[PDB]
Amino acid sequence: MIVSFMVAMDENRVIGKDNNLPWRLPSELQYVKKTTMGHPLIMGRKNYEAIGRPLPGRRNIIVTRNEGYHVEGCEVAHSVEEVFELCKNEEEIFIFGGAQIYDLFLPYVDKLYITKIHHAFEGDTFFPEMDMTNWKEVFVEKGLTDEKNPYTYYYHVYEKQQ
Ligand SMILES: NC(=O)c1ccc[n+]([C@@H]2O[C@H](COP(=O)([O-])OP(=O)(O)OC[C@H]3O[C@@H](n4cnc5c(N)ncnc54)[C@H](OP(=O)(O)O)[C@@H]3O)[C@@H](O)[C@H]2O)c1
Ligand SMILES: CCc1nc(N)nc(N)c1C#CCc1cc(OC)ccc1OC
């Protein structure tokens with residue numbers, strides 16, 4: 001049906017600014033999570049491991065390959081092979097995976113979002129604007145600084161054909 005993917009974009013990195021990804025409008029995260037609470041969320045064990053997170057969306061699913069392994073506090077998922085079909089399991093599904101994951105999830109994603117932040121230093125995953133022609137933007141929204149977020153950022157809407 002509809003596959004949504006959420007990914008950030010560090011001005012000096014790409015996603016891993018410092019073992020984890022930045023954050024903005026901590027309030028919006030609650031409103032959306034409360035209204036979406038129940039939607040499937042796919043994330044990488046590496047990112048979920050460093051960050052941890054309790055149970056945002058009451059459906060935190062981490063993709064990891066290791067038979068006989070189980071992570072308490074989160075659901076275990078298989079490679080994109082499983083997620084591929086799991087998609088048809090729910091109308092609108094959210095995917096996060098990570099850097100490498102997003103790459104292979106390119107043909108599996110229908111609509112993607114990118115958030116460019118003007119703040120990043122020494123991280124784990126760096127990848128500046130090298131090639132994004134594969135995608136086609138349709139809308140772009142700007143953000144604004146704040147007390148909890150003294151950093152300026154911008155929201156972008158990426159859409160695919162398939
Ligand atoms: N900007 C953002 O909003 C955002 C989003 C996500 C992550 N991040 C950050 O990205 C940092 C590192 O990300 P990363 O890209 O290096 O790793 P990652 O995307 O977070 O996760 C790597 C996963 O890819 C899986 N994988 C790779 N090749 C595979 C294959 N052929 N078959 C099955 N599974 C495969 C591995 O599974 P196994 O190792 O279990 O076999 C591994 O768990 C994290 O610290 C996280 O904080 C940021
Ligand atoms: C703004 C944070 C956010 N908003 C929405 N709508 N969806 C998300 N998946 C996220 C996120 C994130 C990463 C993250 C989560 C976390 O527990 C909720 C703690 C730290 C995090 O890294 C900043």
# chains A, B, ... in the order shown; residues from 1 in each chain; ligands from 1
>>> residues_around(residues="residue 48 in chain A", least_positions_apart="3", cutoff="12 Å", atoms="only C-alpha atoms", output="PDB file with N, CA and C atoms, in the first residue's frame")
ATOM      1  N   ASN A  19      26.661   8.740  17.517  1.00  0.00           N
ATOM      2  CA  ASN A  19      26.149   7.470  18.017  1.00  0.00           C
ATOM      3  C   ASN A  19      24.639   7.413  17.834  1.00  0.00           C
ATOM      4  N   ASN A  20      24.044   8.576  17.588  1.00  0.00           N
ATOM      5  CA  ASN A  20      22.604   8.665  17.391  1.00  0.00           C
ATOM      6  C   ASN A  20      22.261   9.839  16.479  1.00  0.00           C
ATOM      7  N   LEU A  21      20.971  10.017  16.222  1.00  0.00           N
ATOM      8  CA  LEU A  21      20.510  11.102  15.363  1.00  0.00           C
ATOM      9  C   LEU A  21      19.961  12.257  16.200  1.00  0.00           C
ATOM     10  N   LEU A  41       6.806   0.295  13.427  1.00  0.00           N
ATOM     11  CA  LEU A  41       8.027   1.074  13.272  1.00  0.00           C
ATOM     12  C   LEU A  41       9.235   0.152  13.123  1.00  0.00           C
ATOM     13  N   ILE A  42       9.940   0.287  12.005  1.00  0.00           N
ATOM     14  CA  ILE A  42      11.117  -0.538  11.750  1.00  0.00           C
ATOM     15  C   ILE A  42      12.391   0.283  11.928  1.00  0.00           C
ATOM     16  N   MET A  43      13.290  -0.203  12.777  1.00  0.00           N
ATOM     17  CA  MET A  43      14.545   0.498  13.029  1.00  0.00           C
ATOM     18  C   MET A  43      15.708  -0.488  13.076  1.00  0.00           C
ATOM     19  N   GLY A  44      16.926   0.026  12.948  1.00  0.00           N
ATOM     20  CA  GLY A  44      18.110  -0.826  12.984  1.00  0.00           C
ATOM     21  C   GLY A  44      18.527  -1.108  14.424  1.00  0.00           C
ATOM     22  N   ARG A  45      19.004  -2.324  14.672  1.00  0.00           N
ATOM     23  CA  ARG A  45      19.432  -2.705  16.014  1.00  0.00           C
ATOM     24  C   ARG A  45      20.583  -1.822  16.482  1.00  0.00           C
ATOM     25  N   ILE A  51      20.626   4.246  21.048  1.00  0.00           N
ATOM     26  CA  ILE A  51      19.571   5.086  21.603  1.00  0.00           C
ATOM     27  C   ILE A  51      18.798   4.334  22.681  1.00  0.00           C
ATOM     28  N   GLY A  52      18.279   3.165  22.322  1.00  0.00           N
ATOM     29  CA  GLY A  52      17.517   2.363  23.269  1.00  0.00           C
ATOM     30  C   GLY A  52      16.021   2.598  23.099  1.00  0.00           C
ATOM     31  N   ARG A  53      15.565   3.788  23.478  1.00  0.00           N
ATOM     32  CA  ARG A  53      14.149   4.123  23.360  1.00  0.00           C
ATOM     33  C   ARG A  53      13.290   3.086  24.085  1.00  0.00           C
ATOM     34  N   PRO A  54      12.271   3.514  24.792  1.00  0.00           N
ATOM     35  CA  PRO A  54      11.364   2.585  25.525  1.00  0.00           C
ATOM     36  C   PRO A  54      10.423   1.843  24.578  1.00  0.00           C
ATOM     37  N   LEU A  55       9.301   2.478  24.246  1.00  0.00           N
ATOM     38  CA  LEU A  55       8.332   1.870  23.342  1.00  0.00           C
ATOM     39  C   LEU A  55       7.544   2.958  22.614  1.00  0.00           C
ATOM     40  N   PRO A  56       8.228   3.770  21.856  1.00  0.00           N
ATOM     41  CA  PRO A  56       7.596   4.879  21.087  1.00  0.00           C
ATOM     42  C   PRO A  56       6.698   4.348  19.976  1.00  0.00           C
ATOM     43  N   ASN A  60       7.681  -0.740  18.512  1.00  0.00           N
ATOM     44  CA  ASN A  60       9.082  -0.608  18.134  1.00  0.00           C
ATOM     45  C   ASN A  60       9.624  -1.941  17.628  1.00  0.00           C
ATOM     46  N   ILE A  61       9.870  -2.016  16.325  1.00  0.00           N
ATOM     47  CA  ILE A  61      10.390  -3.238  15.721  1.00  0.00           C
ATOM     48  C   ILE A  61      11.798  -3.007  15.186  1.00  0.00           C
ATOM     49  N   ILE A  62      12.722  -3.884  15.561  1.00  0.00           N
ATOM     50  CA  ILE A  62      14.101  -3.751  15.109  1.00  0.00           C
ATOM     51  C   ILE A  62      14.491  -4.901  14.187  1.00  0.00           C
ATOM     52  N   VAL A  63      15.101  -4.556  13.057  1.00  0.00           N
ATOM     53  CA  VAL A  63      15.532  -5.557  12.090  1.00  0.00           C
ATOM     54  C   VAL A  63      16.914  -6.086  12.452  1.00  0.00           C
ATOM     55  N   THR A  64      17.005  -7.391  12.676  1.00  0.00           N
ATOM     56  CA  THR A  64      18.278  -8.004  13.033  1.00  0.00           C
ATOM     57  C   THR A  64      18.327  -9.455  12.568  1.00  0.00           C
ATOM     58  N   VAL A  71      15.378  -9.518  21.672  1.00  0.00           N
ATOM     59  CA  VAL A  71      15.642  -8.296  22.423  1.00  0.00           C
ATOM     60  C   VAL A  71      14.431  -7.910  23.266  1.00  0.00           C
ATOM     61  N   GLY A  73      11.966  -5.791  25.237  1.00  0.00           N
ATOM     62  CA  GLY A  73      11.593  -4.382  25.181  1.00  0.00           C
ATOM     63  C   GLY A  73      11.295  -3.959  23.746  1.00  0.00           C
ATOM     64  N   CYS A  74      11.647  -4.818  22.796  1.00  0.00           N
ATOM     65  CA  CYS A  74      11.412  -4.526  21.387  1.00  0.00           C
ATOM     66  C   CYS A  74      11.106  -5.806  20.620  1.00  0.00           C
ATOM     67  N   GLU A  75      10.493  -5.658  19.451  1.00  0.00           N
ATOM     68  CA  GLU A  75      10.151  -6.811  18.629  1.00  0.00           C
ATOM     69  C   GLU A  75      11.288  -7.134  17.665  1.00  0.00           C
ATOM     70  N   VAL A  76      11.484  -8.422  17.397  1.00  0.00           N
ATOM     71  CA  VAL A  76      12.544  -8.850  16.492  1.00  0.00           C
ATOM     72  C   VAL A  76      12.002  -9.041  15.079  1.00  0.00           C
ATOM     73  N   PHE A  96      12.541   3.065   9.280  1.00  0.00           N
ATOM     74  CA  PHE A  96      13.661   3.908   9.683  1.00  0.00           C
ATOM     75  C   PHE A  96      14.983   3.207   9.387  1.00  0.00           C
ATOM     76  N   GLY A  97      15.050   1.921   9.717  1.00  0.00           N
ATOM     77  CA  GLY A  97      16.258   1.140   9.480  1.00  0.00           C
ATOM     78  C   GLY A  97      17.510   1.945   9.810  1.00  0.00           C
ATOM     79  N   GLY A  98      18.109   2.546   8.785  1.00  0.00           N
ATOM     80  CA  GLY A  98      19.315   3.342   8.975  1.00  0.00           C
ATOM     81  C   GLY A  98      19.864   3.827   7.636  1.00  0.00           C
TER      82      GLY A  98
END
>>> residues_near_ligand(ligand="ligand 1", cutoff="10 Å", atoms="only C-alpha atoms and all ligand atoms", output="PyMOL selection string")
chain A and resi 5-10+13-23+42-52+62-67+69+76-82+95-104+114-116+123-126
>>> closest_residue(among="A:30, A:158, A:39, A:94", to="residue 132 in chain A", atoms="only C-alpha atoms")
A:158
>>> closest_residue(among="A:137, A:68, A:117, A:109", to="residue 84 in chain A", atoms="only C-alpha atoms")
A:109
>>> residues_around(residues="residue 118 in chain A", least_positions_apart="2", cutoff="7 Å", atoms="only C-alpha atoms", output="number ranges by chain")
A: 10-11, 116, 120, 151-153
>>> write_last_selection(atoms="N, CA, C and O atoms", output="compact mmCIF listing (two decimals), in the first residue's frame")
# COMPACT_ATOMS: atom_id res chain seq x y z
N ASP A 10 22.35 15.29 8.50
CA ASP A 10 23.30 16.16 9.19
C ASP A 10 24.15 16.95 8.19
O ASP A 10 24.70 16.38 7.25
N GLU A 11 24.24 18.26 8.40
CA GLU A 11 25.01 19.13 7.52
C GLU A 11 26.48 18.71 7.43
O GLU A 11 27.12 18.91 6.40
N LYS A 116 16.90 18.28 6.99
CA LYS A 116 18.25 18.83 6.98
C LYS A 116 18.46 19.72 8.20
O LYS A 116 17.72 20.68 8.41
N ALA A 120 25.98 19.62 13.28
CA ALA A 120 26.51 18.27 13.32
C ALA A 120 28.03 18.30 13.47
O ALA A 120 28.71 19.09 12.80
N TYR A 151 18.72 25.02 17.31
CA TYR A 151 19.30 24.75 16.00
C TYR A 151 18.24 24.88 14.91
O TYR A 151 17.11 24.42 15.07
N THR A 152 18.62 25.51 13.80
CA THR A 152 17.70 25.69 12.69
C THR A 152 17.74 24.49 11.75
O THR A 152 18.81 23.97 11.43
N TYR A 153 16.57 24.05 11.31
CA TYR A 153 16.48 22.90 10.40
C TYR A 153 15.38 23.11 9.37
O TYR A 153 14.63 24.08 9.44
>>> atom_distance(atom1="CA of residue 110 in chain A", atom2="CA of residue 1 in chain A")
8.6 Å
>>> select_by_dssp(residues="chain A", states="alpha helix (DSSP H)", output="MDAnalysis selection string")
chainID A and resid 26:36 45:51 80:89 99:104
>>> closest_residue(among="A:90, A:108, A:130, A:148", to="ligand 2", atoms="only C-alpha atoms and all ligand atoms")
A:148
>>> select_by_dssp(residues="chain A", states="strand (DSSP E)", output="short mmCIF file (atom, residue, chain, number, x, y, z; two decimals) with N, CA and C atoms, in the first residue's frame")
data_model
loop_
_atom_site.label_atom_id
_atom_site.label_comp_id
_atom_site.auth_asym_id
_atom_site.auth_seq_id
_atom_site.Cartn_x
_atom_site.Cartn_y
_atom_site.Cartn_z
N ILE A 2 1.10 1.82 1.18
CA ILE A 2 1.92 3.01 1.30
C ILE A 2 3.06 2.79 2.30
N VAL A 3 4.29 2.92 1.81
CA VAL A 3 5.46 2.73 2.66
C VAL A 3 6.14 4.07 2.93
N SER A 4 6.13 4.49 4.20
CA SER A 4 6.75 5.76 4.58
C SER A 4 8.11 5.52 5.24
N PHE A 5 9.05 6.41 4.95
CA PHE A 5 10.39 6.31 5.51
C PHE A 5 10.84 7.66 6.06
N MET A 6 11.32 7.66 7.30
CA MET A 6 11.77 8.90 7.93
C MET A 6 13.27 8.88 8.16
N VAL A 7 13.97 9.88 7.62
CA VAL A 7 15.42 9.96 7.78
C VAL A 7 15.87 11.41 7.93
N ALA A 8 16.88 11.63 8.76
CA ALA A 8 17.41 12.97 8.97
C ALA A 8 18.57 13.23 8.02
N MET A 9 19.19 14.40 8.15
CA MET A 9 20.31 14.76 7.29
C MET A 9 21.22 15.77 7.98
N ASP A 10 22.35 15.29 8.50
CA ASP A 10 23.30 16.16 9.19
C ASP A 10 24.15 16.95 8.19
N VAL A 14 25.24 12.72 8.15
CA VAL A 14 24.11 12.29 7.34
C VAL A 14 22.98 11.79 8.25
N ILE A 15 23.34 11.03 9.28
CA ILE A 15 22.33 10.53 10.22
C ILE A 15 22.94 10.29 11.59
N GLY A 16 24.11 9.66 11.62
CA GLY A 16 24.78 9.39 12.88
C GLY A 16 25.66 10.58 13.27
N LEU A 41 6.81 0.29 13.43
CA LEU A 41 8.03 1.07 13.27
C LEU A 41 9.23 0.15 13.12
N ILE A 42 9.94 0.29 12.00
CA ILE A 42 11.12 -0.54 11.75
C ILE A 42 12.39 0.28 11.93
N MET A 43 13.29 -0.20 12.78
CA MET A 43 14.54 0.50 13.03
C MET A 43 15.71 -0.49 13.08
N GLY A 44 16.93 0.03 12.95
CA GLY A 44 18.11 -0.83 12.98
C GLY A 44 18.53 -1.11 14.42
N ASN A 60 7.68 -0.74 18.51
CA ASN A 60 9.08 -0.61 18.13
C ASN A 60 9.62 -1.94 17.63
N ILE A 61 9.87 -2.02 16.33
CA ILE A 61 10.39 -3.24 15.72
C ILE A 61 11.80 -3.01 15.19
N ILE A 62 12.72 -3.88 15.56
CA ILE A 62 14.10 -3.75 15.11
C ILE A 62 14.49 -4.90 14.19
N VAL A 63 15.10 -4.56 13.06
CA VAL A 63 15.53 -5.56 12.09
C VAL A 63 16.91 -6.09 12.45
N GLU A 75 10.49 -5.66 19.45
CA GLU A 75 10.15 -6.81 18.63
C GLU A 75 11.29 -7.13 17.66
N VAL A 76 11.48 -8.42 17.40
CA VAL A 76 12.54 -8.85 16.49
C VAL A 76 12.00 -9.04 15.08
N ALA A 77 12.73 -8.52 14.10
CA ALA A 77 12.32 -8.64 12.70
C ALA A 77 13.48 -9.15 11.85
N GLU A 92 -0.44 1.80 5.97
CA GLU A 92 0.67 2.73 6.11
C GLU A 92 1.68 2.24 7.15
N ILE A 93 2.90 1.97 6.70
CA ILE A 93 3.94 1.50 7.60
C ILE A 93 5.11 2.48 7.62
N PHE A 94 5.75 2.62 8.78
CA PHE A 94 6.88 3.53 8.90
C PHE A 94 8.19 2.76 8.96
N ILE A 95 9.17 3.21 8.17
CA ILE A 95 10.47 2.55 8.13
C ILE A 95 11.58 3.53 8.49
N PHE A 96 12.54 3.07 9.28
CA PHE A 96 13.66 3.91 9.68
C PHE A 96 14.98 3.21 9.39
N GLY A 97 15.05 1.92 9.72
CA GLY A 97 16.26 1.14 9.48
C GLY A 97 17.51 1.94 9.81
N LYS A 111 7.20 6.64 -0.34
CA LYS A 111 7.36 8.05 0.02
C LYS A 111 8.38 8.19 1.14
N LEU A 112 9.35 9.08 0.95
CA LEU A 112 10.39 9.28 1.96
C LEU A 112 10.46 10.75 2.38
N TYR A 113 10.91 10.97 3.61
CA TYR A 113 11.05 12.33 4.14
C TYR A 113 12.48 12.57 4.60
N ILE A 114 12.98 13.79 4.39
CA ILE A 114 14.34 14.12 4.79
C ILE A 114 14.38 15.44 5.55
N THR A 115 15.08 15.43 6.68
CA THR A 115 15.19 16.63 7.50
C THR A 115 16.64 17.10 7.56
N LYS A 116 16.90 18.28 6.99
CA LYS A 116 18.25 18.83 6.98
C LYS A 116 18.46 19.72 8.20
N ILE A 117 19.47 19.40 8.99
CA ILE A 117 19.77 20.18 10.19
C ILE A 117 21.10 20.92 10.03
N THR A 125 27.94 8.20 11.11
CA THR A 125 27.62 8.06 9.69
C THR A 125 27.60 9.42 9.00
N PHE A 126 28.54 9.62 8.08
CA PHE A 126 28.64 10.88 7.35
C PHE A 126 28.41 10.66 5.85
N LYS A 136 12.55 12.64 -6.04
CA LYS A 136 11.94 13.85 -6.57
C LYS A 136 11.13 14.56 -5.48
N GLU A 137 11.61 15.72 -5.05
CA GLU A 137 10.92 16.49 -4.03
C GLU A 137 9.62 17.06 -4.58
N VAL A 138 8.62 17.20 -3.71
CA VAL A 138 7.33 17.73 -4.13
C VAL A 138 6.90 18.89 -3.23
N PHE A 139 7.44 18.92 -2.01
CA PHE A 139 7.11 19.97 -1.06
C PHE A 139 8.24 20.16 -0.06
N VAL A 140 8.43 21.40 0.39
CA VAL A 140 9.49 21.69 1.35
C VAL A 140 9.00 22.67 2.41
N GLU A 141 9.20 22.32 3.67
CA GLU A 141 8.79 23.19 4.77
C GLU A 141 9.98 23.55 5.64
N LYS A 142 9.98 24.77 6.17
CA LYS A 142 11.08 25.22 7.02
C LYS A 142 10.67 25.15 8.49
N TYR A 153 16.57 24.05 11.31
CA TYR A 153 16.48 22.90 10.40
C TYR A 153 15.38 23.11 9.37
N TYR A 154 15.29 22.19 8.42
CA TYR A 154 14.28 22.28 7.37
C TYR A 154 13.72 20.90 7.04
N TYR A 155 12.42 20.85 6.76
CA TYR A 155 11.77 19.58 6.43
C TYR A 155 11.57 19.48 4.92
N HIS A 156 11.85 18.30 4.37
CA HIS A 156 11.70 18.08 2.94
C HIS A 156 10.84 16.85 2.68
N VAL A 157 10.07 16.89 1.59
CA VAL A 157 9.21 15.77 1.23
C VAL A 157 9.73 15.08 -0.02
N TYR A 158 10.21 13.86 0.14
CA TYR A 158 10.73 13.10 -0.99
C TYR A 158 9.71 12.06 -1.43
N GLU A 159 9.48 11.96 -2.74
CA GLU A 159 8.52 11.00 -3.27
C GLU A 159 9.12 10.21 -4.42
#
